[PDB]
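For reference, the structure discussed in these notes is given below.
As the structure lists them, so they are numbered: ligands from 1, and atoms in each ligand from 1. Naming: A, B, ... by sequence-line order, numbering from 1 per chain.
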Amino acid sequence: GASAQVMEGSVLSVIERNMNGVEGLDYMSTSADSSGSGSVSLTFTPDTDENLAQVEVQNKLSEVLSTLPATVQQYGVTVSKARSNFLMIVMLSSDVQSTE
Amino acid sequence: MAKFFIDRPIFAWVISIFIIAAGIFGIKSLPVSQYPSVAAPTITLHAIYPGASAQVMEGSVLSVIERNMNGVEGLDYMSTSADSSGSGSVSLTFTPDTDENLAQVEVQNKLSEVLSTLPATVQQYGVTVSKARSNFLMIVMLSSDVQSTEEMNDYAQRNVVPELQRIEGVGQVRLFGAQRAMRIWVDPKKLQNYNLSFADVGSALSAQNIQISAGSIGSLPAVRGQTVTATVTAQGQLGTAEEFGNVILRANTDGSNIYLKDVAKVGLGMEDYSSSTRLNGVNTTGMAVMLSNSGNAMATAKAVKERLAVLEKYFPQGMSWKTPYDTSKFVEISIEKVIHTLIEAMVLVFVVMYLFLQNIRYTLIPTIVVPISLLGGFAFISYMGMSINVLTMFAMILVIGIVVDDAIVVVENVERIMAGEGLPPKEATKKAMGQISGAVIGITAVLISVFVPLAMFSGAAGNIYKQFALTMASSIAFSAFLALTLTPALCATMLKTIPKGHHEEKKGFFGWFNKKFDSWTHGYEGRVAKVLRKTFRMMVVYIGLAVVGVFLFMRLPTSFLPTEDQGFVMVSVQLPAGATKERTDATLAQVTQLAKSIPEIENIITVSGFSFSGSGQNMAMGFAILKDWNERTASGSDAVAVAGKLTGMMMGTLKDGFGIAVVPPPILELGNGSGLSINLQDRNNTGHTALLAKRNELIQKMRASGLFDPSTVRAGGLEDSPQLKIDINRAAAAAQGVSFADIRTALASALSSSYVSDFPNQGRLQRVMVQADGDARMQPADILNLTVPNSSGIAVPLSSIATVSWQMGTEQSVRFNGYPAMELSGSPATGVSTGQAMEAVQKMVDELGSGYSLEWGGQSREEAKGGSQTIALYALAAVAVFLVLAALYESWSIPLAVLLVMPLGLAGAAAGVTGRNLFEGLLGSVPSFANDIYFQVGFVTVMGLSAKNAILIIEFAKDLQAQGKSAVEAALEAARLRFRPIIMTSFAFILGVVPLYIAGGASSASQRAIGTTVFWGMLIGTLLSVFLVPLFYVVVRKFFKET
Amino acid sequence: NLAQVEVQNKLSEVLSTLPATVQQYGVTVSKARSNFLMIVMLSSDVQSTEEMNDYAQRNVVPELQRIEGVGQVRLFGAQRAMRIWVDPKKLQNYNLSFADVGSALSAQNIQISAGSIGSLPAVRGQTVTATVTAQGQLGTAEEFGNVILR
Amino acid sequence: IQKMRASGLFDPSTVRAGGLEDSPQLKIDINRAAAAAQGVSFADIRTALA
Amino acid sequence: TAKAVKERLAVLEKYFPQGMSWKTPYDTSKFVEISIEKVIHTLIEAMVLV
Amino acid sequence: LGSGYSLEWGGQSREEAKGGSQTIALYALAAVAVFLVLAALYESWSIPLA
Ligand SMILES: CC[C@H]1OC(=O)[C@H](C)[C@@H](O[C@H]2C[C@@](C)(OC)[C@@H](O)[C@H](C)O2)[C@H](C)[C@@H](O[C@@H]2O[C@H](C)C[C@H](N(C)C)[C@H]2O)[C@](C)(O)C[C@@H](C)C(=O)[C@H](C)[C@@H](O)[C@]1(C)O
Ligand SMILES: CCCCCCCCCCCCCCCCCCCC(=O)O[C@H](COC(=O)CCCCCCCCCCCCCC)COP(=O)(O)OCCN
């Protein structure tokens, strides 16, 4: 139940502003959509570890989680240190049952 | 190596170029801060529970959170603090060898599994989990005098805070003040008139103000033939006060709906209303900047100032920004002092070399070799992950005197060989290298073995010693490598052959100086020959001097860091129990009027509602910032004199309450003067009165029947205060139609506040609170008029249900390791060991019944450990030095003679410190020198220099005895040969340390503390060694006839 | 450490989809061995095993589970609590049920937070401030025995 | 995007925006005065829209 | 860990109520320490035999 | 376009920008390394120049 500007101005912008100062942070990118969702991607720099970066991001996010709206805290903010390009695509085919 | 690099100067030059490049790369790639991280990982929670006492908050939130924080890897101890302000704190101090990020994530995970068992309001406000470590950089104060403090806070949070935390190097920006919210002051008289309640207001605010989520028209699981889909929007929240004032509280059939503006008043206000900051009397908004790791302090401060100017170019009319305090100028002053010291040392070395060698091409070698050693040390400290701070700069300043002596001795030996044998520079350099290579290697090994144990201590003191150790040892190693690699090449290429007998036909001032120096050398040789004749009396005199030095060292006060004039003094004001904030504001105004009456104070910052001792309406604190050191060069102008004057003016002016001014010492983890802290814990949970009685009994035992300086033994917590407890009678309530939730609702609606809903105020969400019209809740006779509703109506005046009375309740609750604890702060007077005092305190606590324990807190936890690691480390270092000297000299007796010069420097340093203390005392001043870390560093430096000189003398005396000379003749020749380089190096070191002896200004305590020690130690050590080293050699040669 | 961090992250995402009782009791994550290193006894002849279990949970278990190397301390028992054994033969007489008992216990044993007389946002001329306290809670057996069901 | 096309360096049919193609939406403006004068609480509208 | 637990128990025994005691009839560190001592004795015997 | 509208890169393009000032630095570093190595090995300032 939020706009593309309310989600940023109330949830994403706060995390983006409080996520500065992390060691190895190269840049950030915030993207909110009209479906009531937002994504803050932090792209780190070389000479940086992945687990330490995730731990520092979680520490910075938890100390600022007391300011976000109540419904966001109910749903929670999920962390994903995963890639975005596809390696394989498995396809299941059948003629005796539907796709559901 | 000495002969390999003498025929290949280009290879040595390439190695030096690589070292310089690595040093420059490390210097450009090092963090910059005023002090390193010497504390341990600490995690804090800071829960919020408004409108509650200390016991309720503690037993409801803090105990529940503390009983689950058991099992975290690396937990040292934990403490719990609660007050009457409505806040709590659970501080977990972690054992070393622990990462603070892992500790914080573990604490958050442990709190996540117990958060659902806390009260509803605690979950609404939330529980934070942060780390106590902070790298403070600057303070940005915004003062308008034309706008409210809440307006300035909102402006800073909306246009200033997000602009400062985006700068390179900034790690955190913290605002001091409550945010903005929508406050509704509800008059209870209107509610009782319209027959309403606070629950009705809460329901109306939570129902009329809610976010609506509609969805999409033409959603995906649609019917065949859909071509358009659109998101549906619906606004169901309020954002202005007029909209909140139209909230319907009750709708009737005929109409006449009761709005929120008919029984209450809505408006924008603050969320806490507690703290208030003022700068010189005007309203101010506080913003604290914390420096980030792997960042710079000077560049970050400059960028912050530039951004602040660019923002003030858009500020409204009346606002103004200031930066009264900044910890980035201390490292600036330290770097400029290091550069000035390096330049002065180079000038002194040039002067002494031109005076003693009578040529100009001898002075270029030290000037070329010293900066390379400094760059190598910088590169090493950059490789080890260290940073540039005051301690590293002081270590670099202290190591300048040692890195030049290698080049000095090399050039002196080369020049002596060239003037004696008349050989060209190549052969003379080869001979000098073949003579002194093993000696240089042994000296380097001894210095490394002496400086290694400094980096093996535990605690904050160990972290402080590690900087000096890793800097000085690296600088010494690089200087040794340069003296073995580049110095011989420069001496062989940059020098020219001296004609036969060229010195004598020379005349003028140089001839007179040569004549005088030769006469002094002959006199010194005669005196040494006289000393080598009466060996028994000289040895007994040496033993007497050593025992006197040991006695003078053992009779010195012990400390960690001398108090430094940081440029500001803190002031804590406390009022009687039950005082409101108006009296505290009046006292703060009086304190400001008194502080601006002192010409040494530039800006005064007063904070009302917060103090380090406690947080309450009667507590207050302020920070009087002083002017620059250049404008405070007088007697009664330092921080201590200003603090004394402020205290004297407060004790004669402050009628209500008392205020004490203290100058903040160096790093608070290594804080001296606190004495000895104890925490008395109740094991069986007997109560508060029993624990207070036991605390009073322990205080009486330590004061009268003890030795803990009765002028210091006192409680350090907070005495009880009058309260207004309400004892409800369940029998009387059961006899009527009143339930027990009715009393709870009435008490929650009467005094305390409530957090009901949220609202968007121009982009950001803010809270909506109800304070119940504070005009009513002013007198104690207001709760006794609260009529609590019965089953049908409300007729009970609450005097038949409960009885109100006055009692003495605690205003602060403290727990230590899961037990109720009370803190005490004693102090030994003087000449009494802290170990025996701690044993006496432990025995006294054991005298009480089984169920009352004691535990140390702060620095006492480290003092509880026996001081055996230092003695063991020093013994191991001495054994390593003996082994290295035995491997060098190839004997078991010569190291015994070399090790006899250690007590000389110690006695000299102790005598110098005692003399300076006496001079300060007789002239009215107080003794400012003790046995601190700087004294130990200076003593280690002077003992290393004395060991180097003794090693050189003993090597020259031993290699001259294998040619057919006796011990006395060999010692005399070695002394006559080593007289000149020792004198030159001593003069250079003393003239370079003199600027640190009378240092006055920024960071002058540590400067003088190291300068006096090193100066007197070097002077006495040289004066004693030049006559006692040959004596020790002769004694060891005659006592242990070799194999 | 990282494995436990990711496990906590995965558990926090499905913790709200569990029953109310599981959230009341909570889910405990641990990393320790399944075998025992030692067994500590608390033999006595004056107190029963319930008092000894309570004392061990209050003073012995927390002191032992904070030692370096300890992964878990399982007490063969449980701490003290207030047990209410209801007779269903008597609930039918007064037409009562377990829901009434639970509601009475939750409504008559709730902590009260009063506040402060003379709070900070006050009138000009306020000199005295006092914290108001009310117990509103039961901690004794005969106090719980007097809970009003009707 | 317009000046990137027809410039020789970028080929057409590839220069595209990465936006979400801002769309028309339905806006529902609630009148609290009418809902109060007719006897409709603000929670009923929220339940109906949800 | 066993040594630390035993030391903590010996320290906490001073606060126990009158009547109760403590003991660890099941402990695995004793076997380890006795095995280490036996192996050290065997090493000393081998040294003297050589 | 004017001021205020800056430009940022995404994906490999940023890396391509990083390849704008690193090539000259790499070439200079290789040249100076060869010079220093030759001067240290052959003991001359003229051989590496040639
Ligand atoms: C170099 C270490 C510095 O420590 C801090 O700055 C920390 C960050 C604050 O304490 C910390 C202490 C801490 C950690 O306590 C738990 C924290 O929670 C609070 C906010 O202040 C300080 C003293 C600020 O106090 C706070 O100023 C705010 C404008 C209002 C706030 N008040 C409403 C409460 C008050 O406390 C204040 C005034 O900037 C101090 C300025 C004036 C100084 O000159 C002093 C010398 C500081 O440079 C400092 C002590 O050297
Ligand atoms: C009569 C005889 C006279 C003989 C000679 C007289 C006195 C000569 C005095 C010479 C002074 C030399 C000054 C050196 C300039 C220091 C520049 C430091 C640059 C830097 O950051 O570090 C370098 C680049 O690293 C990177 O990879 C960063 C990438 C960007 C670097 C941009 C620099 C381009 C090339 C500049 C030349 C570099 C100097 C040559 C090394 C690598 O240094 P390092 O840490 O690798 O050191 C090797 C450790 N084993």
Side-chain angles (χ1 to χ4, degrees), chain B residues 9-10 12-29 33-35 42 44 46 81 85 87 89 91 128 130 132-142 149 153 156 172-178 272 274-279 284-291 322-328 330 364 368 371-372 375-376 379 382-383 486 489-490 493-494 566-571 603-612 615 619-626 663-668, chain F residues 21-22 24-37 39 45:
Chain B
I10 296 182
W13 271 118
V14 174
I15 295 186
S16 296
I17 294 180
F18 274 108
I19 295 182
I20 294 179
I24 292 181
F25 186 72
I27 289 184
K28 178 179 59 60
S29 64
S33 66
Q34 77 150 345
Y35 281 128
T42 307
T44 316
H46 285 139
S81 179
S85 51
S87 297
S89 178
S91 296
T128 319
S130 59
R133 176 192 178 187
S134 297
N135 197 341
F136 164 76
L137 178 66
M138 300 171 54
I139 288 297
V140 185
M141 292 293 180
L142 264 54
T149 175
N153 290 334
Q172 180 180 358
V173 181
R174 181 176 181 176
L175 277 162
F176 297 120
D272 203 42
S274 83
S275 300
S276 66
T277 305
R278 287 182 174 267
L279 175 62
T284 314
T285 291
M287 289 173 290
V289 186
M290 271 60 70
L291 186 62
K322 291 179 56 60
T323 304
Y325 192 72
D326 186 11
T327 69
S328 68
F330 296 96
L364 310 180
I368 295 180
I372 305 181
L375 292 178
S382 177
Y383 172 78
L486 184 61
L490 298 179
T493 77
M494 290 187 177
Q566 302 290 59
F568 74 105
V569 301
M570 193 193 311
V571 177
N603 298 328
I604 184 66
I605 299 179
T606 56
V607 177
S608 174
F610 172 74
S611 163
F612 278 148
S615 179
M619 309 295 181
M621 81 184 316
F623 303 91
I625 299 181
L626 313 180
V663 60
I667 300 169
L668 275 297
Chain F
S21 66
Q22 290 183 164
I24 308 303
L26 163 64
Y27 300 152
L29 278 173
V32 308
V34 171
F35 187 90
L36 292 182
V37 172
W45 294 116

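Taking a distance limit of 4.0 Å, we find that atom 33 (C) of ligand 1 is approached by some protein heavy atom. Atom 4 (C) of ligand 2 is flagged as protein-proximal [any protein heavy atom, distance under 4.0 Å]. Inside a 4.0 Å radius of atom 50 (C) of ligand 1 there is not any protein heavy atom. Distance remark: protein heavy atom not present below 4.0 angstrom from atom 22 (C) of ligand 1. Checking atom 20 (C) of ligand 2 against the protein gives a heavy-atom contact under 4.0 Å. Within a 4.0 Å radius of atom 7 (C) of ligand 1, the protein contributes no non-hydrogen atoms. Using a 4.0 Å threshold on non-hydrogen atoms, atom 29 (C) of ligand 1 counts as touching the protein.
Given atom 13 (C) of ligand 2, the protein heavy atom at minimum distance is B/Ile20 CG2, 4.3 Å. In this structure, the protein non-hydrogen atom closest to atom 19 (C) of ligand 1 is B/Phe176 CE2, 3.8 Å. At the shortest separation from atom 48 (C) of ligand 2 among protein heavy atoms lies B/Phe18 CD2, 3.8 Å. Protein heavy atom in closest approach to atom 7 (C) of ligand 2: B/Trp13 CZ3, 4.1 Å. The protein heavy-atom contact nearest to atom 36 (C) of ligand 2 is F/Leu29 CD2, 4.7 Å. Summary of contacts: the protein heavy atom closest to atom 10 (C) of ligand 2 is B/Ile17 CG1, 4.0 Å. In terms of protein heavy-atom proximity, atom 39 (C) of ligand 2 is nearest to B/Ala21 CB, 4.6 Å. Here the heavy atom of the protein found nearest to atom 32 (C) of ligand 2 is F/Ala25 CB, 4.4 Å.
Heavy-atom separations between B/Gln566 and ligand 1 are all 4.0 Å or longer.
Every atom of ligand 1 with a heavy atom of B/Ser275 under 4.0 Å away is listed here by number and element: 33 (C). Close contacts of ligand 1 with B/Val607, meaning ligand atoms under 4.0 Å from a residue heavy atom, involve 32 (N), 33 (C). Ligand-side atoms of ligand 2 in range of B/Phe25: 20 (C), 21 (O), 22 (O), range being under 4.0 angstrom from any heavy atom. Counting atoms of ligand 1 from 1 in the listed order, those under 4.0 Å from a heavy atom of B/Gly286 are 29 (C).
Under a 3.5 Å cut-off, the side chain of B/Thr284 and the backbone N or O of B/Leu279 do form a donor-acceptor pair. Judged purely by atom type and a 3.5 angstrom limit, B/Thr327 uses its side chain to pair as donor or acceptor with the backbone of B/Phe136.
In plain terms, the two heavy atoms of B/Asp326 and B/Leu137 that are nearest each other are OD1-O, 2.8 Å. The two atoms that bring B/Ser611 and B/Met619 nearest to each other are CB-CB, 3.6 Å, heavy atoms only. When all heavy atoms are compared, the tightest approach of B/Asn153 to B/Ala178 is ND2-O, 3.9 Å.
Using cut-offs of 30° and 60° for the angle between ring planes, the B/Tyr325 and B/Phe330 rings count as tilted.
Of the candidates B/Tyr35, B/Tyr325, B/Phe612, B/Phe612 brings a heavy atom nearest to atom 12 (C) of ligand 1. Distances from atom 3 (C) of ligand 1 to the heavy atoms of B/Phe623, B/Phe136, B/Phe568, B/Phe610 put B/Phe136 nearest. Here the shortest heavy-atom distance to atom 47 (O) of ligand 2, taken over B/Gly26, F/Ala39, B/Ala22, belongs to B/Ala22. Closest heavy-atom approach to atom 16 (C) of ligand 2 within the set B/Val14, B/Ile24, F/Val32, B/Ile19: this belongs to B/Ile24.
In terms of polar-atom proximity, defined here as any N/O pair under 3.5 Å, B/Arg174 does make such a contact with ligand 1.
Note that CG of B/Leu291 and CD of B/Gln172 are 12.0 Å apart. Values are rounded to the nearest 0.5 Å. Here the OG1-CG distance, from B/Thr277 to B/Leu142, works out to 11.5 Å after rounding to the nearest 0.5 Å.
None of B/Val663, B/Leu668, B/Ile667 except one satisfies the side-chain contact (heavy atoms from CB on, under 4.5 Å) rule with B/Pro665; the exception is B/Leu668.
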